[PDB]
Every structure is written in C-alpha cells, then in structure tokens.
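Participant: What follows is a single structure, and I will ask about it in a moment.
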Amino acid sequence: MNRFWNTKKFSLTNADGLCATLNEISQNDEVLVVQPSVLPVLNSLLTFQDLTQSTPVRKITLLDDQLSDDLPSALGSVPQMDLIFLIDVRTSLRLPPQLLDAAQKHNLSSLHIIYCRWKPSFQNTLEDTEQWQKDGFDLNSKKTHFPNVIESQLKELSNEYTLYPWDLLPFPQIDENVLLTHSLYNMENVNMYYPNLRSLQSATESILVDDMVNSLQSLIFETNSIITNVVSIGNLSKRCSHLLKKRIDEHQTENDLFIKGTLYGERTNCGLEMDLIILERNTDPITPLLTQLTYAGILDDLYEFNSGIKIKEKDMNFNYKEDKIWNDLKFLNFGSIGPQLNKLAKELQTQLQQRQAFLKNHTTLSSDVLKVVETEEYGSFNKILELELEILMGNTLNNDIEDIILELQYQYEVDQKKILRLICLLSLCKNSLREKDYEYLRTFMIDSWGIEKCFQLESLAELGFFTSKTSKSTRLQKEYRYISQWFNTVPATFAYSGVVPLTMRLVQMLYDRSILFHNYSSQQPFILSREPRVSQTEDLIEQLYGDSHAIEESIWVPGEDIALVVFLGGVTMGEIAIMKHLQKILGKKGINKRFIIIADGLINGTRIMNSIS
Amino acid sequence: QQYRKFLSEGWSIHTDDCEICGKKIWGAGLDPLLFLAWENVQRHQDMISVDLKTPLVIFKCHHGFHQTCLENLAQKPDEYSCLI
C-alpha cells in the first residue's frame with residue numbers, strides 16, 4: 001500500500017466491499033447461496049460469526065443438483081427476503097445450469113446474483129464528480145457499450161437482473177510474503193495448463209495468460225508502481241510481457257505521465273527499481289516431481305490442500321495471522337521438528353491455555369504423521385528417496401532399469417502415481433530414451449494397468465515429459481549430467497533429496513555468477529551487478545533450449561527493492577523454501593532485495609497426474 | 001532609486017547542502033523519500049504524514065539550512081543567523 005506493499009492490508013478491502021454489498025441488498029432476513037468452488041475462498045476471509053453479526057444473513061448453502069430435490073424442501077422453506085446467488089464466471093465463460101433450471105421450475109419472483117471481477121483501476125475514483133454533469137451532457141454512457149458480456153446468454157424468465165459487481169484483488173493466505181491467485185482451475189476441476197483434451201490447448205493458454213495479465217495489471221495499478229526492468233524467460237512469457245506492456249501503455253490515465261516525466265525522466269533518476277522476472281513451468285520439468293521433505297511439503301502430498309489453506313480430516317485452521325507456533329515450523333525440515341517441539345514444551349513447564357492447546361494439537365499431529373510415515377509400506381518413503389538420488393546423478397546401466405522398476409511394483413504395494421512419476425523422471429533425466437525400451441515399458445504398463453493407459457502414455461508423450469530418441473513451446477533438449485557441471489545443484493539445500501532446483505540457479509545467475517565462475521568461465525562482464533543483465537550467457541542457454549531467443553531483456557524507463565517473480569504454471573512449494581534462503585544469502589552478500597512470489601495455484605506431482613488422465 | 005531597485009530581486013543558492021548534517025538538497029542524488037513525499041502531494045492529496053517535516057531555510061549567504069537542524073542548536077525560530 002502506497003509504494004510499500006502491505007500485503008495484509010489487501011484483505012480488508014474485499015471483506016469491506018462484500019459486507020457493504022450484502023448489507024445494501026435488503027434489511028431483512030437473507031439466505032446466501034454460494035458456488036461450491038468459491039465458497040472455501042470466502043470462508044477463509046470472513047468467519048461465520050462475523051458474517052452473522054455484520055449483515056442480517058443467517059443461512060449459507062451450496063450449488064448442487066441436490067437443491068433441485070430440495071427446491072420444495074429448502075428453497076420452498078426459509079426465503080424470508082430473497083435468494084442471493086454467488087457465482088464465478090472469470091473462467092469457462094458459462095453459468096452453471098443449476099440456477100437456470102431452478103429459476104424456471106421453482107419460479108422465483110426476485111433474482112439477484114453476485115459476479116466477481118478484478119478492480120477497475122481505470123475508473124480512477126469515479127473520475128472526480130462526472131465533471132459537473134459532464135459539462136452539459138458532453139459525455140454519456142447510455143448504449144455506449146455492448147449489450148452484455150458473458151451474461152447475454154441469460155435472456156429467459158423474468159427481467160430480475162439486479163447484478164452486483166463485487167470487487168476482488170489478490171490477498172495472501174498461506175504466508176505473509178506470498179500472495180496467491182486462483183486461475184489454474186475451472187469449475188469442473190480441470191487443470192488450466194494441462195487439460196485432459198488434446199484439441200484446444202492454444203485457446204486455454206491464451207485465456208490463462210490473459211487472466212494472469214489482468215491480475216498483474218490490477219495489482220500494479222493498485223500499488224502505483226513503475227516497472228523498470230523485465231527479464232522474460234520462455235516463449236509464453238514473451239507474449240505475456242508484450243501484452244502487459246501494450247495494455248499498460250494504452251489504458252493508463254493522465255496526471256501520471258506527468259509524474260513519469262518528473263520522476264525518472266531524461267538525464268536524471270531517483271534510484272527506484274522494480275524487477276519482473278517471469279518463468280514458465282515447462283522450462284524445468286525436472287523438479288515438480290521430486291519428493292517433498294519439508295513439513296508442509298510432507299503434509300501437502302499426503303493430504304491435498306483445497307482452495308482454502310486447510311484440510312478436511314483435521315479441524316484446526318493453519319492460518320498464520322492468529323498462531324505463531326505454525327509460523328516457526330511450517331518450512332523447517334521434518335527431522336528438526338521433534339527436538340524443537342520437545343524444547344518448546346519443556347520451556348513452558350516452568351512458566352495462556354490457548355498456547356497449551358496449540359502445542360498439544362501440534363504434538364498429536366506430528367506424532368500421527370510420524371506414525372503414518374512408517375508401517376505404511378515400510379521403507380518405500382526412503383527407498384524412493386535413495387532411488388531418486390541415484391538417478392539424478394546418473395547410474396543407469398544396460399537393461400538393469402527393467403529389474404528395479406518392477407522390484408517395488410508388487411514386492412511392496414504402491415500406487416500408480418508413484419510409478420508413473422518415477423518413470424517420467426527416468427525418461428526426462430537422460431533427455432532421451434532409446435527405441436528398444438518403450439516396446440517393453442509400454443507393454444508392461446498396458447499389461448498391468450488396463451487398456452486406457454495407452455491413451456495416457458500417448459497424450460503425455462507430446463508435452464515433452466515422455467519423449468523418444470528417434471511454436472516449439474520451449475522444451476528442454478540437453479542432458480542433465482551436463483547441467484550438473486555448469487551448475488552446482490548436487491554438492492545448503494532441503495525440501496528435496498539434497499538437490500538445488502534448476503529455477504534456483506537460473507535466478508541465481510541473473511545477479512551473481514559465482515557458481516558459473518567456478519565451471520565454464522574465463523571472463524565475465526561483472527561479478528556483482530545491482531540491475532538485472534544478461535550478456536555473454538547465450539550459447540549455454542542456446543543449446544539448453546535449441547534457440548537463442550528464449551531469453552528476453554526489456555528496459556522500459558528511458559535513461560529497498562521489490563521483485564515480482566510471478567509463476568505461470570504453479571509453484572512447487574519447495575521452491576518457496578529456497579526463495580527465503582536466497583533472500584537471506586543475497587542480503588548477507590551485500591545486495592538487499594525483497595521477493596514477492598505471485599502464484600496461479602499450488603502445483604504438485606500427484607495433483608498433476610490426475611490432470612492428464 | 002537604488003533602494004527601490006533592491007526590494008524585488010530574488011536570490012539563488014550556490015552551495016549543494018548544509019554544513020551541519022551533510023546530505024544534499026540541490027544537486028542530483030536526493031533521498032528517494034523526498035521524491036516519494038512529493039508524489040504523495042499534488043497527485044491525490046491522500047495523506048501527507050511522515051517525519052520529513054523540515055522546511056529548508058534560504059539565506060543571503062546562500063548556504064541554506066533546515067529548520068529542525070537549526071532547532072537542535074537551541075536556536076529560537078526568530079533569530080536565524082548563518083554560521084558563515
């Protein structure tokens with residue numbers, strides 16, 4: 001807020017707007033009807049008690065076909081004032097049929113709905129006071145617009161179209177530092193980047209990039225920032241950067257270009273820098289599939305977080321704004337939790353009961369997790385780690401891989417997803433697999449897991465995960481054993497099998513070429529540069545991607561620090577753990593910066609496997 | 001005529017900063033906080049509230065000084081005199 005990104009301050013605006021709208025609906029007893037996908041987000045913002053006390057609504061429901069049978073049971077009952085639906089139409093451009101069938105059948109006499117949208121900063125605070133009646137109606141907005149958007153398909157029943165545009169802007173839930181935008185799923189639980197229908201990839205990609213650009217524009221115009229340097233990586237990031245630049249340069253108002261002349265300008269500057277490094281998940285498919293070792297990573301891949309940051313099996317919330325025990329243990333390694341918990345418990349003995357309840361709950365949950373790690377296919381949780389560590393450095397032999405893949409297939413029972421992920425990593429690590437092993441691996445797969453597995457192994461065999469030795473979308477076509485020489489991923493590191501992520505070193509090289517100095521270096525343009533630059537580092541990335549055009553460096557202004565590292569394609573939460581380590585080590589070395597990680601939705605190995613199915 | 005001609009002319013500043021706290025007020029290299037403070041005013045008039053409440057004082061000596069900086073020397077704000 002006001003050039004200082006007070007992230008928690010973003011939370012209040014959405015709640016205030018929703019409360020004002022709901023209280024301005026009607027001063028009676030209201031019943032709320034909320035879409036299943038958006039409800040968890042709303043509950044993570046407004047508590048039930050606050051919702052009841054602030055506005056006279058007293059009931060919340062869900063959009064389901066069960067309501068059709070309950071139309072004469074639930075909808076017929078209550079209905080003290082009216083029914084206020086809440087829908088999300090930001091993606092999939094289609095209203096759910098539930099409201100369509102309920103409107104005509106139950107014959108509601110008052111239809112009011114709520115639709116979500118990003119904040120229209122271009123409205124610039126209603127533009128003063130309409131310029132004293134538009135200086136004699138010199139400007140007007142009647143019919144100066146298309147008749148309807150998306151909701152033009154709603155042209156049935158009555159004219160009760162009291163729409164209400166509730167505003168929404170990103171706010172942090174999992175942690176103070178990192179915000180999160182939900183644009184990676186539809187209402188049908190289909191991945192927005194890896195859809196299970198290989199006929200409409202291009203449109204889905206365009207829609208995703210458009211929505212991401214819209215969210216970034218909303219945040220940028222809300223915070224009143226001036227981007228100075230852009231480091232785009234990949235193909236889609238190029239289009240995203242160009243579209244964002246065009247949209248910023250088109251829709252910006254006046255009274256700020258004048259400031260753009262005063263600040264920065266010609267022959268002078270004021271020492272303000274913001275960076276917009278952008279990456280794509282397809283660039284490095286090496287590390288969304290490794291096993292998590294941090295506490296929240298282990299707790300995540302065994303029990304999937306929903307849209308809200310909570311879990312079904314437990315009841316206590318993991319929100320950071322009311323508890324401090326979770327703050328200091330979320331990103332620590334699993335091994336260093338026990339003794340720390342023992343010390344925390346023993347120090348309080350000499351020494352309010354809410355802390356006791358919190359520590360008891362944490363101890364019980366940790367004990368349950370430790371118990372469930374073992375005795376549940378004992379040794380698998382470690383065996384996969386040793387196998388992954390062996391594969392990453394490279395120890396594959398002639399036809400011996402077929403012996404170990406089925407070694408744990410039925411000796412220890414294991415899910416399909418683990419095997420599929422491991423074989424994908426095997427096929428991806430060597431950057432190529434010969435033509436004499438697919439004929440056996442695919443045969444065994446189709447033998448053991450049905451007939452539909454052939455379709456999965458065919459569809460997944462074109463995104464780059466499952467390739468054969470015999471508009472490129474920026475795949476990776478270089479052996480990984482080479483990358484272990486330029487970079488020092490395998491020696492400082494946690495949340496993995498002792499391996500540094502590839503994105504980690506990719507962002508490291510932009511500011512300090514130390515590891516690149518040890519290997520493949522005789523001269524460098526610099527050793528410590530404050531501004532992001534890319535020079536004399538083309539050939540290494542020319543062979544790494546097959547084209548010396550993936551790297552893009554853009555300077556916008558002609559002539560401590562906020563860096564916006566967005567993530568198009570999900571964030572593997574282990575990267576968040578190493579981001580803090582990067583910030584700490586860079587601050588120690590001398591360069592002081594602050595990182596904000598924009599995420600389109602948490603991504604994880606198993607969560608990917610159901611996507612392409 | 002000489003007295004009349006010497007009551008409308010202005011004066012410039014030749015020094016780059018005061019002589020009691022260093023810093024700089026004229027040449028390129030201002031603190032970004034001042035630039036942000038100017039942006040807060042004359043753009044939206046939201047709220048000008050910050051510790052930067054020191055108005056610069058210009059003198060015939062052209063050296064220039066702050067107000068709180070001179071107040072630190074137990075100088076009443078009615079007898080401001082340059083230190084030469």
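Labels for the structure tokens follow display order: chains A, B, ..., residues from 1 in each chain, ligands from 1.
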For chain B, work out the contacting residues on chain A at 9 Å, counting only C-alpha atoms, and write them as an NGL selection string.
Facilitator: :A and (2-3 or 255-256 or 259 or 263 or 268-272)
Participant: Just list the residues in segment 256-359 of chain A DSSP gives strand (DSSP E) on the backbone, as a list in words.
Facilitator: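 Answer for segment 256-359 of chain A restricted to strand (DSSP E) is residues 274, 275, 278, 279 and 280 of chain A.
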Participant: Got a sec: who's within 12 Å of residue 252 of chain A, counting only C-alpha atoms, leaving out chain neighbours fewer than 6 positions off, as a list in words?
Facilitator: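 Residues near the query, excluding close chain neighbours: residues 120, 121, 122, 123, 124, 217, 218, 220, 221, 224, 226, 244, 245, 246, 258 and 260 of chain A.
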Participant: For segment 6-18 of chain B, work out the shell of residues within 7 Å, counting only C-alpha atoms and skipping chain neighbours fewer than 3 positions away, then give it as a ChimeraX atom specification.
Facilitator: /B:2-3,21-27,62-65
Participant: Keeping only N, CA and C atoms, write the selected residues to a file as a PDB file, in the first residue's frame.
Facilitator:
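Okay, selection.pdb is ready:
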```pdb
ATOM      1  N   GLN B   2      17.958  53.505  -5.971  1.00  0.00           N
ATOM      2  CA  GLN B   2      18.742  52.340  -5.573  1.00  0.00           C
ATOM      3  C   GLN B   2      18.004  51.514  -4.526  1.00  0.00           C
ATOM      4  N   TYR B   3      17.384  52.183  -3.551  1.00  0.00           N
ATOM      5  CA  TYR B   3      16.630  51.469  -2.524  1.00  0.00           C
ATOM      6  C   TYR B   3      15.425  50.751  -3.121  1.00  0.00           C
ATOM      7  N   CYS B  21      24.834  18.717   8.670  1.00  0.00           N
ATOM      8  CA  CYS B  21      24.456  17.314   8.549  1.00  0.00           C
ATOM      9  C   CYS B  21      24.810  16.730   7.186  1.00  0.00           C
ATOM     10  N   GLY B  22      25.592  17.431   6.371  1.00  0.00           N
ATOM     11  CA  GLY B  22      25.919  16.917   5.051  1.00  0.00           C
ATOM     12  C   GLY B  22      24.691  16.867   4.163  1.00  0.00           C
ATOM     13  N   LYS B  23      24.425  15.686   3.612  1.00  0.00           N
ATOM     14  CA  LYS B  23      23.272  15.421   2.742  1.00  0.00           C
ATOM     15  C   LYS B  23      23.410  16.272   1.476  1.00  0.00           C
ATOM     16  N   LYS B  24      22.286  16.580   0.832  1.00  0.00           N
ATOM     17  CA  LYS B  24      22.245  17.396  -0.375  1.00  0.00           C
ATOM     18  C   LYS B  24      20.796  17.764  -0.652  1.00  0.00           C
ATOM     19  N   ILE B  25      20.592  18.964  -1.197  1.00  0.00           N
ATOM     20  CA  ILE B  25      19.242  19.476  -1.404  1.00  0.00           C
ATOM     21  C   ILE B  25      19.060  20.012  -2.818  1.00  0.00           C
ATOM     22  N   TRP B  26      20.162  20.246  -3.530  1.00  0.00           N
ATOM     23  CA  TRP B  26      20.099  20.883  -4.840  1.00  0.00           C
ATOM     24  C   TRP B  26      20.514  19.942  -5.963  1.00  0.00           C
ATOM     25  N   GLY B  27      21.716  19.374  -5.893  1.00  0.00           N
ATOM     26  CA  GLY B  27      22.221  18.542  -6.962  1.00  0.00           C
ATOM     27  C   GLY B  27      21.581  17.169  -6.984  1.00  0.00           C
ATOM     28  N   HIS B  62      23.498  32.043   1.045  1.00  0.00           N
ATOM     29  CA  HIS B  62      23.205  31.042   0.021  1.00  0.00           C
ATOM     30  C   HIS B  62      23.560  29.629   0.469  1.00  0.00           C
ATOM     31  N   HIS B  63      24.049  29.479   1.702  1.00  0.00           N
ATOM     32  CA  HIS B  63      24.407  28.151   2.190  1.00  0.00           C
ATOM     33  C   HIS B  63      23.177  27.263   2.343  1.00  0.00           C
ATOM     34  N   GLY B  64      22.112  27.791   2.941  1.00  0.00           N
ATOM     35  CA  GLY B  64      20.895  27.027   3.137  1.00  0.00           C
ATOM     36  C   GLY B  64      20.967  26.076   4.314  1.00  0.00           C
ATOM     37  N   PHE B  65      19.891  26.003   5.095  1.00  0.00           N
ATOM     38  CA  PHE B  65      19.848  25.141   6.268  1.00  0.00           C
ATOM     39  C   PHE B  65      18.418  24.673   6.493  1.00  0.00           C
TER      40      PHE B  65
END
```
Participant: Need to verify the contact set: residue 346 of chain A, 12 Å, only C-alpha atoms, exclusion of same-chain residues closer than 5 positions in sequence. Can you return it as a ChimeraX atom specification?
Facilitator: /A:339-341,351,356,359
Participant: Excluding residue 199 of chain A and its own-chain neighbours fewer than 5 positions away, which residues fall within 12 Å of it when counting only C-alpha atoms? Please give them as a PyMOL selection string.
Facilitator: chain A and resi 194+204+459
Participant: For residue 69 of chain B, please output as a PyMOL selection string all residues within 10 Å (counting only C-alpha atoms; exclusion window: fewer than 5 positions along the same chain).
Facilitator: chain B and resi 18+20-21+54+56+74-75
Participant: Limited to N, CA and C atoms, could you put the picked residues into a file as a PDB file, in the first residue's frame?
Facilitator:
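The new file part.pdb reads:
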```
ATOM      1  N   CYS B  18      23.651  21.800   3.382  1.00  0.00           N
ATOM      2  CA  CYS B  18      24.004  22.490   4.611  1.00  0.00           C
ATOM      3  C   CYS B  18      25.371  22.017   5.102  1.00  0.00           C
ATOM      4  N   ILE B  20      25.994  21.229   8.520  1.00  0.00           N
ATOM      5  CA  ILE B  20      25.868  20.623   9.841  1.00  0.00           C
ATOM      6  C   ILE B  20      25.383  19.182   9.795  1.00  0.00           C
ATOM      7  N   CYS B  21      24.834  18.717   8.670  1.00  0.00           N
ATOM      8  CA  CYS B  21      24.456  17.314   8.549  1.00  0.00           C
ATOM      9  C   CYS B  21      24.810  16.730   7.186  1.00  0.00           C
ATOM     10  N   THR B  54      10.689  19.041   7.615  1.00  0.00           N
ATOM     11  CA  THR B  54      11.716  20.059   7.774  1.00  0.00           C
ATOM     12  C   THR B  54      11.702  20.993   6.575  1.00  0.00           C
ATOM     13  N   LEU B  56      13.265  23.817   4.313  1.00  0.00           N
ATOM     14  CA  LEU B  56      14.574  24.414   4.099  1.00  0.00           C
ATOM     15  C   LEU B  56      14.516  25.927   4.278  1.00  0.00           C
ATOM     16  N   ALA B  74      19.411  24.792  19.902  1.00  0.00           N
ATOM     17  CA  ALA B  74      18.711  25.647  20.863  1.00  0.00           C
ATOM     18  C   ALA B  74      18.551  27.071  20.333  1.00  0.00           C
ATOM     19  N   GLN B  75      18.258  27.189  19.041  1.00  0.00           N
ATOM     20  CA  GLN B  75      18.048  28.479  18.399  1.00  0.00           C
ATOM     21  C   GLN B  75      16.552  28.737  18.270  1.00  0.00           C
TER      22      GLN B  75
END
```
Participant: Point out the residue among A:576, A:540, A:414, A:401 with the least atom-to-atom distance to residue 437 of chain A, counting only C-alpha atoms.
Facilitator: A:401
Participant: With only C-alpha atoms as the atoms that count, which of A:372, A:240, A:231, A:93 lies nearest to residue 212 of chain A?
Facilitator: A:240
Participant: A:274, A:451, A:289, A:563: which is nearest residue 388 of chain A, counting only C-alpha atoms?
Facilitator: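 Answer, going by the shortest atom-to-atom distance: A:289.
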Participant: Please identify which residues in chain B DSSP calls alpha helix (DSSP H) from the backbone, and express them as a PDB file with N, CA and C atoms, in the first residue's frame.
Facilitator:
```
ATOM      1  N   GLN B   2      17.958  53.505  -5.971  1.00  0.00           N
ATOM      2  CA  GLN B   2      18.742  52.340  -5.573  1.00  0.00           C
ATOM      3  C   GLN B   2      18.004  51.514  -4.526  1.00  0.00           C
ATOM      4  N   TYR B   3      17.384  52.183  -3.551  1.00  0.00           N
ATOM      5  CA  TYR B   3      16.630  51.469  -2.524  1.00  0.00           C
ATOM      6  C   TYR B   3      15.425  50.751  -3.121  1.00  0.00           C
ATOM      7  N   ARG B   4      14.724  51.403  -4.052  1.00  0.00           N
ATOM      8  CA  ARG B   4      13.570  50.776  -4.688  1.00  0.00           C
ATOM      9  C   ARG B   4      13.983  49.557  -5.504  1.00  0.00           C
ATOM     10  N   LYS B   5      15.109  49.649  -6.215  1.00  0.00           N
ATOM     11  CA  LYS B   5      15.558  48.545  -7.055  1.00  0.00           C
ATOM     12  C   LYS B   5      16.080  47.358  -6.257  1.00  0.00           C
ATOM     13  N   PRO B  32      15.414   9.189  -1.947  1.00  0.00           N
ATOM     14  CA  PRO B  32      14.144   8.831  -2.600  1.00  0.00           C
ATOM     15  C   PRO B  32      12.923   9.098  -1.740  1.00  0.00           C
ATOM     16  N   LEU B  33      13.091   9.213  -0.420  1.00  0.00           N
ATOM     17  CA  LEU B  33      11.957   9.507   0.449  1.00  0.00           C
ATOM     18  C   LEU B  33      11.350  10.866   0.123  1.00  0.00           C
ATOM     19  N   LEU B  34      12.191  11.864  -0.159  1.00  0.00           N
ATOM     20  CA  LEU B  34      11.677  13.175  -0.544  1.00  0.00           C
ATOM     21  C   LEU B  34      10.903  13.101  -1.855  1.00  0.00           C
ATOM     22  N   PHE B  35      11.427  12.354  -2.830  1.00  0.00           N
ATOM     23  CA  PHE B  35      10.739  12.210  -4.109  1.00  0.00           C
ATOM     24  C   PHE B  35       9.391  11.523  -3.931  1.00  0.00           C
ATOM     25  N   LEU B  36       9.333  10.501  -3.075  1.00  0.00           N
ATOM     26  CA  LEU B  36       8.058   9.858  -2.778  1.00  0.00           C
ATOM     27  C   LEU B  36       7.112  10.806  -2.052  1.00  0.00           C
ATOM     28  N   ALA B  37       7.645  11.642  -1.157  1.00  0.00           N
ATOM     29  CA  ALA B  37       6.811  12.590  -0.427  1.00  0.00           C
ATOM     30  C   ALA B  37       6.181  13.604  -1.371  1.00  0.00           C
ATOM     31  N   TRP B  38       6.946  14.071  -2.361  1.00  0.00           N
ATOM     32  CA  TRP B  38       6.375  14.986  -3.344  1.00  0.00           C
ATOM     33  C   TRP B  38       5.294  14.296  -4.166  1.00  0.00           C
ATOM     34  N   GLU B  39       5.467  13.000  -4.436  1.00  0.00           N
ATOM     35  CA  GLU B  39       4.468  12.261  -5.201  1.00  0.00           C
ATOM     36  C   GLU B  39       3.158  12.141  -4.432  1.00  0.00           C
ATOM     37  N   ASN B  40       3.234  12.042  -3.102  1.00  0.00           N
ATOM     38  CA  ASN B  40       2.025  11.925  -2.293  1.00  0.00           C
ATOM     39  C   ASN B  40       1.148  13.164  -2.436  1.00  0.00           C
ATOM     40  N   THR B  68      14.574  22.090  11.691  1.00  0.00           N
ATOM     41  CA  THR B  68      14.826  21.239  12.848  1.00  0.00           C
ATOM     42  C   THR B  68      16.318  21.126  13.131  1.00  0.00           C
ATOM     43  N   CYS B  69      17.139  21.108  12.078  1.00  0.00           N
ATOM     44  CA  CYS B  69      18.585  21.036  12.262  1.00  0.00           C
ATOM     45  C   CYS B  69      19.100  22.256  13.016  1.00  0.00           C
ATOM     46  N   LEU B  70      18.598  23.443  12.667  1.00  0.00           N
ATOM     47  CA  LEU B  70      18.960  24.641  13.415  1.00  0.00           C
ATOM     48  C   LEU B  70      18.291  24.669  14.783  1.00  0.00           C
ATOM     49  N   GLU B  71      17.099  24.079  14.900  1.00  0.00           N
ATOM     50  CA  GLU B  71      16.434  23.998  16.196  1.00  0.00           C
ATOM     51  C   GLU B  71      17.213  23.127  17.172  1.00  0.00           C
TER      52      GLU B  71
END
```
Participant: Which one of A:537, A:508, A:333, A:148 sits closest to residue 294 of chain A if you count only C-alpha atoms?
Facilitator: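 Under the stated criterion, the closest residue is A:333.
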